[PDB]
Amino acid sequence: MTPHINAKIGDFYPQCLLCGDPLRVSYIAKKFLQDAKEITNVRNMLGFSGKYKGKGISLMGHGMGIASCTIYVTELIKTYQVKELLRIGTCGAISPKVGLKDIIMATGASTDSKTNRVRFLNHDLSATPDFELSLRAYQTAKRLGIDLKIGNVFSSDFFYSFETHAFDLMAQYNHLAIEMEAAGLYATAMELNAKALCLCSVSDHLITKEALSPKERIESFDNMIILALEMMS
């Protein structure tokens, strides 16, 4: 029991997929899992447990931004004993080497947040995923024929911004897209000794100005979902 999660200890399997959108979490539960059970629903933030190809797997929403994400994965790990967390989110492309609905594997998450300086003695924490998990994503993607765009993302506290050249500067330093949680996920998992990785599909393209719709941000990423399930098997 926590303020933000309804479940009981033991309702989460040691492996969990995460999205910011609890309706994408719910879409995965209905369409892709076998006998999925809704295990938590505080604040409308749904989580599920189910089976994929016989293997037990949980799903959990984490809301938008580092602060929200940190609340949920801190609770998932410390209270519910989750050991592997795989975010499958959305992001805004800043590279011309990626298009709408490309899947990005974030091997580092830069940030404009202060959370990691607060965690880490006002130094620069290099927020990174678990290496075996990213190895696992790479092999599963190749064994499935899924093209994976690999690089850094920029985890921002902001979605709306008048910046322009800051995006060029991020792209110049090999950042493929902008999202809002990976750096918090990575740092919390480092703190609490869990294995984490973040994949994100391109829902917005800041160069071409393309943007998916709310429901397309649920429905348009099934290869991302399949990759995540296949590697958690």
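In this text, residue numbers run from 1 along the sequence as written.
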Problem set entry | Mean Cα B-factor comparison, 174-182 or 161-169, giving the higher one as deposited | 161-169
Exercise. Got a sec? Mean C-alpha B-factor, which is higher, 90-98 or 150-158?
Worked result: 90-98
Exercise. Highest Cα B-factor in the deposition, which of 197, 29, 64, 200?
Worked result: 29
For this session: Select one of 139, 107, 116, 110: the residue whose C-alpha shows the highest B-factor in the crystal structure entry.
Result: 139
For this session: Select lowest, middle or highest to describe the third in which the CA B-factor of residue 123 falls within its chain in this entry.
Result: lowest
For this session: Comparing against every modelled residue in the chain, figure out the third that the C-alpha B-factor of residue 34 lands in (lowest, middle or highest).
Result: highest
Problem set entry | Chain third (lowest, middle, highest) by recorded CA B-factor, residue given as residue 206 | highest
For this session: Using the B-factors in the PDB entry, rank residue 144's C-alpha atom against the chain and give the third, lowest, middle or highest.
Result: highest
Exercise. By its CA B factor, does residue 45 count among the lowest, middle or highest third of the modelled residues in the chain?
Worked result: middle
